[PDB]
Participant: 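Okay, here's the structure, questions in a sec.
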Amino acid sequence: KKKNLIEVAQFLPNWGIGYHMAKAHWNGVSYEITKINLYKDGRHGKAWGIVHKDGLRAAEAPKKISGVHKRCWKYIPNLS
Amino acid sequence: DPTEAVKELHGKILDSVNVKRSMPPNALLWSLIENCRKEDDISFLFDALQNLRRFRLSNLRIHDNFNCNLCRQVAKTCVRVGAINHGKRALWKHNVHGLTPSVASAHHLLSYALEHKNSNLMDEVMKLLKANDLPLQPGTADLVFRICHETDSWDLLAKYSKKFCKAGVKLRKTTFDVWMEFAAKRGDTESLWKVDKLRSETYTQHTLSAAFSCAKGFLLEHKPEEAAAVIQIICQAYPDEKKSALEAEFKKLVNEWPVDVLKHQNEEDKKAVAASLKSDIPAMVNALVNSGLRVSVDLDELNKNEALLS
Amino acid sequence: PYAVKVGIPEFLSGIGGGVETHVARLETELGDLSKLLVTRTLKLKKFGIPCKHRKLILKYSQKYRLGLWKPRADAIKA
RNA sequence: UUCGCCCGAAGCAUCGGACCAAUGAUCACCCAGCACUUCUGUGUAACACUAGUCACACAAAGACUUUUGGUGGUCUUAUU
RNA sequence: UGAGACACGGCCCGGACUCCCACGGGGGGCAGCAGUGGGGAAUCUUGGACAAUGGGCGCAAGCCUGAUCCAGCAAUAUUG
RNA sequence: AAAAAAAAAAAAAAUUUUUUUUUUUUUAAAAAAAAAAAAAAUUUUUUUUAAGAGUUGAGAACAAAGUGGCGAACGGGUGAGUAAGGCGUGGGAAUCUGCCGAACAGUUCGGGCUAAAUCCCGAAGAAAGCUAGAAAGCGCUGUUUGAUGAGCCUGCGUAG
Ligand SMILES: [K+]
Ligand SMILES: [K+]
Ligand SMILES: [Mg+2]
Ligand SMILES: [Mg+2]
Ligand SMILES: [Mg+2]
Ligand SMILES: [Mg+2]
Ligand SMILES: [Mg+2]
Ligand SMILES: [Mg+2]
Ligand SMILES: [Mg+2]
Ligand SMILES: [Mg+2]
Ligand SMILES: [Mg+2]
Ligand SMILES: [Mg+2]
Ligand SMILES: [Mg+2]
Ligand SMILES: [Mg+2]
Ligand SMILES: [Mg+2]
Ligand SMILES: [Mg+2]
């Protein structure tokens with residue numbers, strides 16, 4: 001079964017804050033995690049991030065990430 | 001299967017976390033660490049760590065991993081009982097237990113590997129160090145050279161000495177002594193003078209065991225004059241504190257050194273080295289007694305060794 | 001993911017819904033897929049194709065000629 | 001069809017206790033976290049001959065702070 | 001409940017009638033389109049398609065639509 | 001178990017060879033999970049279990065059952081009641097109005113339903129998010145408006 005953003009961030013040190021998360025079909029965009037609002041079960045929650053366009057930061061203040069519980073998320077090992 | 005301190009401690013935690021929804025005291029986690037006794041009870045400890053990490057983020061809003069000493073102690077407890085797989089899981093960079101890999105956890109794993117004579121456990125612990133991006137340190141080099149002394153692994157010596165020298169670490173005196181004495185055990189003369197040159201680049205003045213190994217390398221060339229001068233200048237520059245230790249090392253010459261240096265040769269080279277040592281080491285003892293050194297040796301142990309009749 | 005070489009049977013099997021029973025008749029009487037893409041309802045009615053199957057064939061012919069739909073290549077092993 | 005009595009299903013409404021079950025506010029108390037102090041234990045690096053000396057994290061305690069989570073009280077029961 | 005109902009094919013209650021029930025109890029409302037008994041001198045098919053027009057939902061693709069459109073029965077009507 | 005392009009000619013044939021980009025690893029330039037059985041000098045061939053798992057990489061349906069939104073207040077039927085709270089016609093003030101058109105402002109943070117939400121609760125000021133697959137496109141909220149409907153009232157006219 002595929003993993004959402006929370007189920008990927010469980011196998012990450014410091015809960016994935018500081019890492020670049022992206023959906024699997026995305027091509028050249030990721031979010032740099034700033035806050036994770038974990039729920040009770042440990043598999044669902046919210047997320048806040050910094051958007052990066054082509055590896056370059058495009059926004060100043062973080063924003064809440066849409067589609068966190070969609071089972072298509074991954075972390076980029078190269079950008080982070 | 002579980003020890004009862006541990007089943008009770010695990011529960012009191014998984015009950016605070018899950019039923020009361022409040023953080024337990026740290027003492028309960030630390031006593032679950034201190035009271036682990038058998039291999040099966042540290043799966044209970046890892047379940048506790050996962051549940052406490054989930055609670056720390058979920059209720060306390062703590063993203064951070066478990067701190068350094070806690071990771072040191074969970075690794076040393078995982079290896080004190082003797083579960084090495086979950087012991088080496090503390091070196092993983094990506095884990096659901098909040099464990100930060102450190103040099104100290106690898107030092108515990110390599111201390112076990114030294115104390116239990118485990119040669120491949122070097123290879124897994126060092127591949128875990130490289131995989132999980134931890135830096136290479138002089139104490140790691142100390143432990144690695146000490147274990148590959150005791151396991152008859154020259155390939156590990158060459159590979160990891162190249163890795164450590166490329167990494168730019170500063171090797172201590174003791175690991176240099178271990179390297180020179182093991183190359184004396186094996187008989188690589190060119191490597192012996194190579195590491196002597198490298199340590200002369202590193203430090204200036206010789207110590208006991210390395211001038212000792214230099215004398216071993218010169219005696220392998222059947223040139224007892226330079227060896228005698230080297231141990232002369234290392235004996236003059238000491239007080240009389242280690243008079244029993246130098247006699248113990250001369251007993252090491254007359255007991256254990258020829259066996260170790262002729263296990264790794266061929267049979268005609270065994271005959272040649274047996275004859276060469278039988279010609280040189282009585283002259284070496286007579287030279288040392290002539291130069292003024294009062295050293296108690298057993299020359300009968302030359303013929304009492306079962307290796308030296310090859 | 002779509003069929004590279006598309007004929008009448010690939011087209012009708014990509015439509016689905018039981019319309020692939022008329023593959024042999026449409027191969028016999030129309031032959032070419034490009035003739036089928038401009039066939040209209042009276043010709044299909046003369047060939048013995050019912051009302052819903054006719055409407056499906058005409059719908060997917062219009063979709064195919066505009067690029068809006070292609071038959072999938074996964075229907076290759078029967 | 002209308003009027004006077006008796007009964008009063010469901011339901012809207014109005015009360016009343018009730019801290020019923022939540023929610024909110026406000027008190028304490030308990031862990032835990034951030035900064036702090038240590039003659040404490042356990043590690044890493046110099047050095048020193050094996051002892052010092054820094055740097056860590058101690059959660060290992062401390063104690064006013066302040067926060068996240070709980071628990072136990074109150075609200076002329078404050079909103080359901 | 002809802003923007004909108006005190007809501008034909010929603011809910012609650014009471015009543016008459018009716019169908020199951022394993023017998024404890026449940027269920028129903030053609031004055032929607034067809035159709036059947038009955039009453040009457042007397043009044044039709046248990047049809048086809050969503051192609052058109054109109055409507056609901058959907059970004060669309062579409063999906064629903066007995067609205068409708070169109071066939072069937074009847075000298076019932078019509079300057080044929 | 002990566003993206004793009006080409007493969008038609010001499011001495012039983014679906015999937016391979018070549019060229020350019022790209023992620024990572026191995027020994028500063030190049031090269032490219034565990035177990036069983038076999039072969040070779042660590043690799044390859046076949047098979048079992050993988051995968052609450054140092055991110056398993058794409059894909060297809062999920063209708064399979066639901067939560068939620070919008071619509072089931074329209075359309076369709078009948079004329080039982082109703083003699084004026086109805087209807088016809090003309091007016092009015094003390095109101096609301098989904099969808100639709102046009103401006104402006106926002107769309108922040110916690111908790112609950114075994115799991116989640118555009119569902120429910122709380123705080124500010126009211127809210128709700130989805131989509132780099134629908135990323136400046138939808139949606140929601142507040143305030144001004146147009147449009148359309150609805151509620152309320154009333155003059156006159158309307159059986160025996
Ligand atoms: K239609
Ligand atoms: K007649
Ligand atoms: Mg009552
Ligand atoms: Mg509605
Ligand atoms: Mg209402
Ligand atoms: Mg009905
Ligand atoms: Mg009827
Ligand atoms: Mg009759
Ligand atoms: Mg239409
Ligand atoms: Mg629309
Ligand atoms: Mg019809
Ligand atoms: Mg006529
Ligand atoms: Mg209805
Ligand atoms: Mg109606
Ligand atoms: Mg009609
Ligand atoms: Mg009428």
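No hydrogens, no waters, no symmetry mates; every other heavy atom, side chains included, goes into these values. Order of the sequence lines fixes the chain letters, A, B, ..., with proteins taken first and strands second; residue numbering starts at 1 for each chain.
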Participant: Assign B/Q73 to base, sugar-phosphate, or nothing according to its heavy-atom contacts below 4.0 angstrom with the strands shown.
Facilitator: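 Counting heavy atoms under 4.0 Å across all strands, the contact made by B/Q73 is with sugar-phosphate only.
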Participant: Starting the side chain at C-beta, find the nucleotide from F/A116, F/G54, D/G43 nearest to B/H94.
Facilitator: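 Comparing F/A116, F/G54, D/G43 against the side chain of B/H94, the answer is F/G54.
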Participant: Look through every strand shown and name the nucleotide pairing with F/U154 as Watson-Crick or G-U wobble, where both distances are under 3.5 Å.
Facilitator: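 F/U154 is paired, partner F/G90.
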Participant: Should F/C70 be called syn or anti, with syn set as within 90° of 0?
Facilitator: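 Judged by the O4'-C1' to base torsion, F/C70 sits in anti, the angle falling more than 90° away from 0.
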Participant: Reckon C/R72 touches a base, only the sugar-phosphate, or nothing at all at heavy-atom distances under 4.0 Å?
Facilitator: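 Counting heavy atoms under 4.0 Å across all strands, the contact made by C/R72 is with sugar-phosphate only.
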Participant: Does the side chain of B/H149 come under 3.5 Å of the side chain of B/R146 through a donor N or O and an acceptor N or O?
Facilitator: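 Result is no, nothing qualifies.
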Participant: Can you tell which of F/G111, D/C58, D/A45 lies closest to the side chain of A/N37?
Facilitator: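 From the listed options, F/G111 comes nearest.
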Participant: Heavy atoms under 4.0 Å, any strand shown: does B/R61 hit a base, just sugar-phosphate, or nothing?
Facilitator: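 Sugar-phosphate: the residue B/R61, judged by heavy atoms under 4.0 Å, touches backbone atoms but no base.
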Participant: Has C/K45 got its NZ or CZ under 6.0 Å from the middle of the six-membered ring of C/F47, at an angle within 45 degrees of the ring axis?
Facilitator: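 Not satisfied by the 6.0 Å and 45° rule.
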Participant: So if I take every side-chain heavy atom of A/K35 and compare against F/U55, D/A57, F/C109, which nucleotide ends up nearest?
Facilitator: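 Nearest to the side-chain atoms of A/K35, counting from C-beta on, is F/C109.
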Participant: Indicate, with a heavy-atom threshold strictly under 4.0 Å, whether A/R71 touches base, sugar-phosphate, or nothing.
Facilitator: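 A/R71: no heavy atom of the nucleic acid under 4.0 Å.
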Participant: Would you name the heavy atoms of B/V81 and B/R37 that are closest together and state the gap between them?
Facilitator: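 Closest heavy-atom pair between B/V81 and B/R37: CG1-O, 3.5 Å.
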Participant: What does nucleotides 47-55 of chain D look like as a protein-contact string, B for base, S for sugar-phosphate only, - for none, at under 4.0 angstrom between heavy atoms?
Facilitator: S--B-----
Participant: Sugar-phosphate means primed atoms, P, OP1 and OP2; the rest is base. With that split, encode nucleotides 25-35 of chain D 5' to 3' as B, S or - using protein heavy atoms under 4.0 Å.
Facilitator: ------BSS--
Participant: Touch check for A/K40, heavy atoms < 4.0 angstrom, all strands: base, sugar-phosphate only, or nothing?
Facilitator: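 If one applies the 4.0 Å heavy-atom cut-off, A/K40 turns out to touch the sugar-phosphate alone, with no base involved.
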Participant: Quick one: look up who F/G139 pairs with, Watson-Crick or G-U, both distances under 3.5 Å, and put none if it's unpaired.
Facilitator: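 Across all strands, the one nucleotide that pairs with F/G139 is F/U107.
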Participant: So what's F/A128 doing, north or south, if we go by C1'-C2'-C3'-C4' (plus is north, minus is south)?
Facilitator: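 South pucker for F/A128; the sign of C1'-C2'-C3'-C4' is negative.
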Participant: Treat primed atoms plus P, OP1 and OP2 as sugar-phosphate and everything else as base, then score nucleotides 125-138 of chain F 5' to 3': B for base contact with protein heavy atoms under 4.0 Å, S for sugar-phosphate contact only, - for none.
Facilitator: ----SSSBB-B---
Participant: For a quick check of understanding: with a heavy-atom distance under 4.0 Å over all strands, which category does B/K162 fall into, base, sugar-phosphate or nothing?
Facilitator: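 No contact at all - B/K162 keeps every heavy atom at 4.0 Å or more from the nucleic acid.
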Participant: Is the base of F/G98 syn or anti, where syn means the angle lies within 90° of 0?
Facilitator: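 F/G98: anti.
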Participant: Establish, from distance only, whether the side-chain atoms of B/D152 and B/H264 form a donor-acceptor pair under 3.5 Å.
Facilitator: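 There is such a pair between these side chains.
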Participant: What nucleotide among F/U26, F/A117, D/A59 has an atom nearest to a side-chain atom of B/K130?
Facilitator: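 For B/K130, the side-chain atoms sit closest to F/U26.
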Participant: Please examine the side chains of A/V68 and A/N4, heavy atoms only from C-beta on, and report whether any two atoms are closer than 4.5 Å.
Facilitator: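 Contact flag for A/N4/A/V68 side chains = no.
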Participant: Please determine, for E/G40, whether a Watson-Crick or G-U wobble partner exists with both distances under 3.5 Å, and give it or none.
Facilitator: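 Partner of E/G40: none found under 3.5 Å.
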Participant: Any donor-acceptor pair under 3.5 Å linking the side chain of B/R21 with the backbone of B/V19?
Facilitator: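 Judged by distance alone, yes, a pair lies under 3.5 Å.
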Participant: Are B/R53 and A/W15 in a cation-pi contact, defined as NZ or CZ under 6.0 Å from the six-membered ring centre and within 45° of the axis?
Facilitator: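 Yes, B/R53 sits over the ring of A/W15.
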Participant: Which part of the nucleic acid does B/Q137 contact within heavy-atom distance under 4.0 Å: base, sugar-phosphate only, or nothing?
Facilitator: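 Counting heavy atoms under 4.0 Å across all strands, the contact made by B/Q137 is with sugar-phosphate only.
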Participant: Suppose we define a pair by two distances each less than 3.5 Å, Watson-Crick or G-U wobble; what does E/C33 pair with here?
Facilitator: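 When the pairing criteria are applied, nothing turns out to pair with E/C33, so the answer is none.
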Participant: Dot-bracket for RNA chain D: what is it, with Watson-Crick or G-U pairs under 3.5 Å, [ ] where a pair crosses earlier ones, and | for a pair to another strand?
Facilitator: ....................((((((((((.((..(((.....................)))...)).)))))))..)))
Participant: Return the polar atom pairs (N/O with N/O) between nucleotides 62-65 of chain E and the protein under 3.5 Å, or none.
Facilitator:
residue, atom, partner, partner atom, Å
E/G62, OP1, C/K63, NZ, 2.9
E/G62, OP2, C/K59, NZ, 2.4

Participant: Checking one value: the base orientation of D/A55, syn if chi is within 90 degrees of 0, otherwise anti.
Facilitator: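 Nucleotide D/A55 adopts syn.
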Participant: For a quick check of understanding: with a heavy-atom distance under 4.0 Å over all strands, which category does B/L29 fall into, base, sugar-phosphate or nothing?
Facilitator: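 B/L29: no heavy atom of the nucleic acid under 4.0 Å.
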Participant: Would you please name every residue forming a salt bridge (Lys or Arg N to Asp or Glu O under 4.0 Å) with B/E256, sequence neighbours left out?
Facilitator: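 Salt bridge (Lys or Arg N to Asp or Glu O under 4.0 Å) list for B/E256, sorted by chain: B/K252.
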Participant: Could C/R25 and C/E29 be called an ion pair, given the rule that one side-chain N must be under 4.0 Å from one carboxylate O?
Facilitator: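 So C/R25 pairs with C/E29 through a salt bridge.
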Participant: Could you tell me if A/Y31 and A/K23 have a donor-acceptor pair between their side chains, going purely by distance under 3.5 Å?
Facilitator: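 There is no such pair between these side chains.
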Participant: Under a 3.5 Å threshold, yes or no: a donor from one side chain and an acceptor from the other, between B/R54 and B/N18?
Facilitator: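 B/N18 and B/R54 do have a side-chain donor-acceptor pair below 3.5 Å.
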Participant: Looking at every strand, decide which applies to A/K3 at a 4.0 Å heavy-atom threshold: base, sugar-phosphate, or nothing.
Facilitator: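 Base contact.
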Participant: From the list F/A116, D/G69, F/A60, which nucleotide is the closest neighbour of the side chain of B/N59?
Facilitator: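 In terms of side-chain proximity for B/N59, the closest of F/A116, D/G69, F/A60 is D/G69.
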Participant: Look at the side chain of B/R72 and decide which nucleotide, out of F/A53, D/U42, E/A49, has an atom nearest to it.
Facilitator: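 Side chain of B/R72 sits closest to D/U42.
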Participant: Is C/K63 close enough and on-axis enough to C/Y60, meaning under 6.0 Å and within 45°, for cation-pi?
Facilitator: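 Satisfied, under 6.0 Å and within 45°.
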